Amino acid sequence: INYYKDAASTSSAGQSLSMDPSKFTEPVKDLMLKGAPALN
Amino acid sequence: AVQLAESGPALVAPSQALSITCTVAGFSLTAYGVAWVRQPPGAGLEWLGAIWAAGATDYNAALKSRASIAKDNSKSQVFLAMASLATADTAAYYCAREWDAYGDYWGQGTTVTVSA
Amino acid sequence: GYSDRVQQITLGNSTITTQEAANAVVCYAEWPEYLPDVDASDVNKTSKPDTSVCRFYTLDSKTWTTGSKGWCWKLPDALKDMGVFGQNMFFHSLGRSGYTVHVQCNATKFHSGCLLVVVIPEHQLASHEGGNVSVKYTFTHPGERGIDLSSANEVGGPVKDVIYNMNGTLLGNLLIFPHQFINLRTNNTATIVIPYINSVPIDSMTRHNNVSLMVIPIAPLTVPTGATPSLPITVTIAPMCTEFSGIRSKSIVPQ
Amino acid sequence: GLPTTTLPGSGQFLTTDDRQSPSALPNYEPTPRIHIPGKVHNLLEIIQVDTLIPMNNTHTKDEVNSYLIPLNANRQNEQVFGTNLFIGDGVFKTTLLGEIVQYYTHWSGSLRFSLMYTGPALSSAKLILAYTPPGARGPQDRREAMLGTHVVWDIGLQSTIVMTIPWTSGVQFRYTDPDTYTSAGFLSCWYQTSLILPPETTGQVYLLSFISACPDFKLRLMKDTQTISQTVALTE
Amino acid sequence: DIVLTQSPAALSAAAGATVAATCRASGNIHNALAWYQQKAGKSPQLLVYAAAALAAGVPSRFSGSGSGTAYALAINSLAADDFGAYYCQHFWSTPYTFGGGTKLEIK
Amino acid sequence: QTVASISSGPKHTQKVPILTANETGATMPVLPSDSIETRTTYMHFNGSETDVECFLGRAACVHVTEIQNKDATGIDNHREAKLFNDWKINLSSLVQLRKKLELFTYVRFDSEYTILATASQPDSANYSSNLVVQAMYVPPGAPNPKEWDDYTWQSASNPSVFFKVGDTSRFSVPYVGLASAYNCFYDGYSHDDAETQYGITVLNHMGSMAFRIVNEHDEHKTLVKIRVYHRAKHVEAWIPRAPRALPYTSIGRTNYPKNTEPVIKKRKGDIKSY
């Protein structure tokens, strides 16, 4: 229950539960399979 | 207390062999290698060679045929053996524990005189 | 079949081939795109001078001479004198651009050495004086020649200690930014595709550098015996999805 | 009027409590969020990125050689490097894993350790990367190193081994601060055969060591870090 | 091999002066150089390792510098303990050859 | 119920997951099950505390200033006499929140300010005074206070909060950045000029706060210390950065001091040591 009319007044949203690390750990153009040779 | 005490015969007739030993205290030879450096009186330091921490050896390029370094890991003794001595081998010989592959902890050194 | 080492990038009338590539980095897995209407605030119809600016511009080659600390370029500043892209950068109030940055350093199988080719968004440089001293405009805007990190500190200039990334961080932690290595054993080529990264949809291109490109030797250049103790590094940058808005007179910058 | 009772902790300012508060700016319409790449939702995303370890922290100054692990040619059976695995200390204190680890008290899960060979393409080396789980000492001769978790790494067309450090702590988390009960053990690399260099090449070649987290990595009990400090407040 | 040319042969100086000894190598050492102090009739003592880093128990008067093939050992405000013969040694694979030696004398 | 480790047995295969190329700039998600024989374990863990709204979303002290309740008769400017004090709001003067925020290039959050005021009478007071503090939020372009009791403190359009000393204030402020995020780092200038400031931008400008004791004065002096605490909320963060290693020297600049201490700990032994 929000006691104020502003969205800035509300408490924290919580865990986003996205957890998508591939934009930082695999930013490569060609998909490299785990187990494959990296550069054939 | 890292110590490398040299010991030699110190009076060798020429065209004979050296049996110069370094008894090792404070560390194990399986973990650290030992370098050998001589210094003839008046002149400068000459790197004789190094036995590495697992028995691989490297030598001075001018003295690969004469010198041979071996060790006993259990007895903590490193041996320097120079064959077919000349009179220019009169020098105080040193040992060093290796330290980032640099030589330090230099022993007191035993002077060897090769004369007849 | 097809190798992951043999790549071709054609942009405009420019082509780059490489036969010793690694897999190209697309920064934060995002391809460069034009500004959509839902993000735009500037009401001008943008000019998209596609094949005339979105093409590879080769910068001056750097010689990597075994005591080299590194090199830093600023985008869009490194391309401010590059053809029609350089002209549209000064005649327009606004501009956004992604980049394909391509770095070249070939060697023999006998050479060794490793370059860190990294792209840093908003690489705010530190002064060498500390305190509250700023870096002057002409030092964060060197153009084609970039910043040579092995050169000495100059009054008004940035700090050039490569271990602290010119900003007070550490060299090892640059790998959180989109990067590649040119390890001479493996590749002669780093290819990084950068999108437009900013808190604003479109921005002034002359007063602001969106990304910096640092090419940093991590493992030093060891040449074989009797070889030339120097390898040329060439950086070739192509703008991508380049918009320009707010056309006016040619802006005069400090130089 | 509702009869209320006031509890303990009333009027306290718990800095970590997450309540609603009145807005100083009613009807304020903030700037539209445009799409910016690289949005971070969770710090476990970005500690899966590998960053360089300064394994060669044997100098009296921060330099690039601190990240370079030297290999030597005529070496059988020897040790390349060794370290303990206190990831909030030592060689790991300055890495991106270790910097974010120091914002938390407890860590669990597996580490991802990478070595990158950077010598010439006509050089060859076989190395053995050992993880010693705790209880034993740091290994001394490669014979007690390979009794633990190890990877033998032939160096060829792919310059990177990725050794995981698997999790060994029935005490389900460890401390990020160095604690003897929650020591993670030891990491060491040894010459499996040796480094062979091609002709007309001399000297040392270098390894680059990377650390990151596996996706089973856990962090909890958020705390202040020992990295940054301050004497006086900063000014403009 | 790598020949270390250490220069000069002798440097006579009084206590409190700035003295620089120089080693020029025939190949790139990549900063794998050691400086040694040897007094009269004593064992050599490691002063500077890695061409810039002072060893354990070395006074801060000594300062190694240089990179590539040229390396310098500078002493700020010489003391009486700082006299003797100084030696380079590189450590780039092998052989670990020495320089010629700089002897510090008293005016 | 997320699987932390799968059961893996002996493998003898051409698929080698633990050999790769770091040259590609990618980190391969190599599991423990890729190089040892594992058992099945479960996470029992969601990663809720390493969430960036949990990470940046607790209250940090961002500013400590002092104001004095004091007889103002015969005082020139009232700001050097600490009768009022203005603070340009920034999250980079105190370094513990600064290092957390500067893990990211761009950050967007609604703010949540907690202002604690504490008093002290260092000499010759018969009583502790019941004092009220005005914290007036002063946006750029508002008339700044020059007196402790001038017309600017009427605050017809500026947000003010009245609160007792010893008590605390609390109010949220929305994201007031002009751009879609705050710039933690700004590689640039306000304009193309040879002498303009580098990195100091209005892209992380959050407003200003002006503080005064609203009480007139007593016989004794009262030293009121104000402690603004900031909690970020509805946090969005972009472009994770290399963490700060060196001490900071100023607000808004990445400068580090000359002749600083080495941040990497030197090892006692060689690279082989433990």
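Turning our attention to the overall build of chain E. Scanning chain E from terminus to terminus reveals zero helices and 10 strands. Secondary structure elements in chain E, listed N-terminal to C-terminal, are β-β-β-β-β-β-β-β-β-β. Taking the principal axes of the C-alpha coordinates as reference, chain E spans close to 35 × 25 × 25 Å. Here chain E holds 107 residues, and the buried ones make up 51% of them. Excluding contacts between residues fewer than 6 apart, the proportion of contacts in chain E whose partners are at least 24 apart in sequence is 57%. The averaged location of the 4 negative side-chain charges in chain E is 4 Å from the averaged location of its 6 positive side-chain charges.

Turning to the overall build of chain A, a few remarks are in order. For chain A, the helix and strand inventory stands at one helix and zero strands. Expressed as lengths along the three principal axes of its C-alpha atoms, the size of chain A is roughly 60 × 15 × 10 Å. When burial is assessed residue by residue, chain A has 32% of its 40 residues classed as buried. Of the roughly 2,500 Å² of accessible surface on chain A, a fraction of 53% belongs to carbon and sulfur atoms. Averaged over its 4 positive side-chain charges, chain A has a centre that lies 2 Å from the centre of its 4 negative ones.

Listed as buried for helix α2 (residues 83-91) of chain C are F85, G86, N88, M89 and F90 of chain C. Contact partners of the buried residues in α2 of chain C: α1 (50-53), β4 (57-58), β7 (92-104) and β13 (231-247) of chain C.

A cluster of nonpolar side chains, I1, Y3 and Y4 of chain A, forms an exposed patch at the surface whose accessible area comes to about 420 Å². Among the structural elements, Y4 of chain A can be located in the segment before α1 (22-25).

Right, let's talk about the sheet that holds strand β9 (residues 147-148) of chain C for a bit. Residues and elements named next belong to chain C. Reading across the sheet, the five strands line up as β9-β6-β12-β8-β10 and stay open at both edges, with antiparallel pairing between neighbours. Of all the strands in the sheet, the pair left with one neighbour each is β9 and β10 (179-183). Where strand β8 (residues 112-121) meets strand β12 (residues 211-222), nine bridges bridge the pair, whose relative direction is antiparallel. Bridge assignment links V117 to a residue of β12, and that residue is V215.

With that settled, consider the interface of chain F and chain D. Between chain F and chain D, the contact holds 86 residues from the first and 104 residues from the second. Approximately 7,900 Å² of surface area, both sides summed, lies buried where chain F meets chain D, with 60% of it carried by carbon and sulfur atoms. Across the contact surface, chain F and chain D share three salt bridges. Here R231 of chain F and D18 of chain D are joined by a salt bridge, their closest N and O atoms 2.4 Å apart. Inspection of the region where chain F meets chain D yields 49 residue pairs in polar contact. Elements that contribute at least two residues to the side of chain F that touches chain D include exactly β2 (19-20), α1 (52-55), α2 (95-101), β6 (104-118), β9 (168-173) and β12 (222-240) of chain F. If one sorts the elements of the side of chain F that touches chain D by residue count, β12 of chain F sits on top with eight residues.

We now examine the pairing of strand β7 (residues 62-67) of chain E. The two faces of a sheet get side chains in turn, since along a regular strand they alternate between them. All names here are of chain E. Pairing of β7 with strand β8 (residues 70-75) involves six bridges; the strand directions are antiparallel. By the bridge assignment, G64 is partnered in β8 with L73. Where β7 folds back on β8, the antiparallel hairpin that results is connected by two residues, among which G68 adopts a positive phi of roughly 70°.

Below, the discussion takes up the sheet that holds strand β10 (residues 174-175) of chain D. Residues and elements named next belong to chain D. Taken in spatial order, the three strands make up an open sheet running β10-β5-β13, and their pairing is antiparallel. The sheet terminates laterally at β10 and β13 (218-222), the two strands that pair on one side only. Across two bridges, strand β5 (residues 104-108) lies against β10 in antiparallel orientation. Bridging across to β10, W107 finds its partner in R174.

Moving on, we come to the packing of aromatic side chains. On inspection of all chains with the given rule, the structure shows 28 aromatic pairs over all chains. Aromatic pair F27 of chain B and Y32 of chain B: ring centres 6.0 Å apart, planes at 85°, arrangement edge-to-face. Aromatic pair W107 of chain D and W167 of chain D: ring centres 5.2 Å apart, planes at 70°, arrangement edge-to-face. Of the two residues, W107 of chain D is situated in strand β5 and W167 of chain D in the loop between β9 (160-165) and β10; the sequence distance between them amounts to 60 residues. The cationic tip of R97 of chain B hangs over the ring face of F27 of chain B; the distance from NZ or CZ to the ring centre is 5.4 Å.

This part takes up the arrangement of the chains. With 12 pairs of chains in contact, the largest contact count belongs to chains D and F. Nowhere do chain A and chain B come into contact; their C-alpha atoms are at least 34 Å apart. These two, chain A and chain E, are apart from each other, with no contact and a minimum C-alpha gap of 31 Å.

Calculation notes
- Residues numbered from 1 in each chain as written, not as in the entry; some residues may be left out.
- Chains lettered and ligands numbered in written order.
- Heavy atoms only, no water.
- Helix = DSSP H or I, 4+ residues; strand = E, 2+ residues; numbered from the N terminus.
- Buried < 20%, exposed > 50% of the residue type's maximum accessible area, 1.4 Å probe, protein only.
- Contact = heavy atoms within 4.5 Å.
- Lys, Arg positive; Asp, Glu negative; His and termini not counted.
- Charge placed at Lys NZ, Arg CZ, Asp CG, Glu CD.
- Areas by Shrake-Rupley, 256 points an atom, 1.4 Å probe, with all protein chains shown as cover.
- Patch = residues over 30% accessible without salt bridge, like charges linked within 9 Å, V, L, I, M, F, W, Y side chains within 5 Å.
- Salt bridge = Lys/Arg side-chain N within 4 Å of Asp/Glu carboxyl O.
- Pairing = 2+ DSSP bridges.
- Buried area = accessible area lost by both parts, 1.4 Å probe.
- Polar contact = N/O pair within 3.5 Å; in protein donor to acceptor, adjacent residues only side chain to side chain.
- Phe/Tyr/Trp six-rings, centres within 6.5 Å; stacked < 30°, edge-to-face > 60°.
- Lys NZ or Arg CZ within 6 Å of the ring centre and 35° of its normal.

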